[PDB]
*Asks:* 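After the structure tokens below, expect a handful of questions from me.
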Amino acid sequence: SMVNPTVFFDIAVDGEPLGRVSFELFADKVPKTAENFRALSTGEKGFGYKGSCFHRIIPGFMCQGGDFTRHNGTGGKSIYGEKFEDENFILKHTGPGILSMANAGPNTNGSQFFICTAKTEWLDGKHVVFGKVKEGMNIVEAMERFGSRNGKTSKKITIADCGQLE
Amino acid sequence: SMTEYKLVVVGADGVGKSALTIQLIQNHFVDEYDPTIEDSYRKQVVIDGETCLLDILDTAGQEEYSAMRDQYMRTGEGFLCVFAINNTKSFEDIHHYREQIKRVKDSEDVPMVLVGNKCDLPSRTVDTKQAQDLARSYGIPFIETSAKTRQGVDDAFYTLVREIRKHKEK
Ligand SMILES: Nc1nc2c(ncn2[C@@H]2O[C@H](COP(=O)(O)OP(=O)(O)NP(=O)(O)O)[C@@H](O)[C@H]2O)c(=O)[nH]1
Ligand SMILES: [Cl-]
Ligand SMILES: [Mg+2]
């Protein structure tokens, strides 16, 4: 893209490399939310996603991660403070690969995010969609197989490295 | 004798549904918060001299998937309705859970116990009298518990089994 940044996660399974997932971040339509994710992916503020876990993976729905503060699925923080407001609901959860913010109700965006593996239309208007998988959807599909009905993973799925691509 | 009871634990997020259940099943208190999607447990106990298997469904403190939450309620035989004594919103939510249970079971007489959890903490916002009064208006027992100290844990589940047994006698 000429306008939208691309970032990558190198995914690991119990420390062993699984593959790279890259994301287009929709800075053209959701700039504040896209910028948060970009900066957390480069670590340029001194904190971010590198080393954190995909703590909840539910096959047929989504892979959720991004808690680098409590490391247990309850935490996370943004580049703007602990939380920031829902920027807009222009984009919808239209299918596999959609990248969207996890939250605990209105205006509680931090760092946790999820990658859809199916259409999740019931989340429209409640979670801010801000990106999509560009390359490596097969890697997301591979991660999905480590999940379970209740989201607990059979092996530890981590972001072993991450950053921004040219 | 041996019987079996499907118990369903419901209530707002973070009130201690899972901590209460894990104390009953695993005899330890989890201080970390691990949010539930859904978990199920089985335990053989003896209550009033009568042996039974408890099938416990630990549900999430969710308000969005009420339709999905209805199948849980349909098969549940008794409900532990949990609030936290330091969370007024969780107490204000109780009547919604009871209305849901009554709708799904198609009955005004459903075995249930009101549980006021976290009684070990010094930050109470819900008065015992307020909870006792609500339980009296529903005609159901009220039990104060602490998953941390184990106070009332067995009492809450065993009382729910007694309520189911009383309902089956009608
Ligand atoms: N002091 C104290 N803390 C408690 C008690 N019960 C639970 N907690 C704490 O409260 C938090 C939430 O407990 P948890 O059992 O996960 O709540 P839940 O109702 O299952 N939450 P959810 O609806 O998300 O599954 C945890 O940090 C737990 O340690 C209690 O009796 N006393
Ligand atoms: Cl949800
Ligand atoms: Mg729970």
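First the proteins, then the strands, lettered A, B, ... as listed; each starts at 1. Side chains included, hydrogens not; waters and symmetry mates left out as well; all remaining heavy atoms used.
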*Asks:* Where do B:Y65 and A:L123 come nearest, in terms of heavy atoms and distance?
*Replies:* OH-CD2, 3.7 Å
*Asks:* For A:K155, is the NZ atom crowded, meaning more than 12 foreign heavy atoms sit under 6.0 Å from it?
*Replies:* no
*Asks:* NZ of A:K50: more than 12 outside heavy atoms within 6.0 angstrom?
*Replies:* no
*Asks:* Is B:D13 close to chain A through its backbone or its side chain, or both, or neither, when contacts mean heavy atoms under 4.5 Å?
*Replies:* neither
*Asks:* How about CG on B:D106, more than 12 heavy atoms from neighbouring residues, nucleotides or ligands closer than 6.0 Å, or not?
*Replies:* no
*Asks:* For A:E82, is the CD atom crowded, meaning more than 12 foreign heavy atoms sit under 6.0 Å from it?
*Replies:* no
*Asks:* In terms of side-chain geometry, is the basic nitrogen of A:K152 or B:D34 positioned less than 4.0 Å from the acidic oxygen of its partner?
*Replies:* yes
*Asks:* Is A:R149 close to chain B through its backbone or its side chain, or both, or neither, when contacts mean heavy atoms under 4.5 Å?
*Replies:* both
*Asks:* In terms of heavy-atom contacts, does CD of B:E99 have more than 12 from other residues, nucleotides or ligands at under 6.0 Å?
*Replies:* yes
*Asks:* Whether the A:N72 and B:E32 side chains hold a donor-acceptor pair (N or O, under 3.5 Å, no angle test) is what I'd like checked.
*Replies:* yes
*Asks:* Less than 4.5 Å to any heavy atom of chain A: does that hold for the side chain of B:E64, its backbone, both, or neither?
*Replies:* side chain
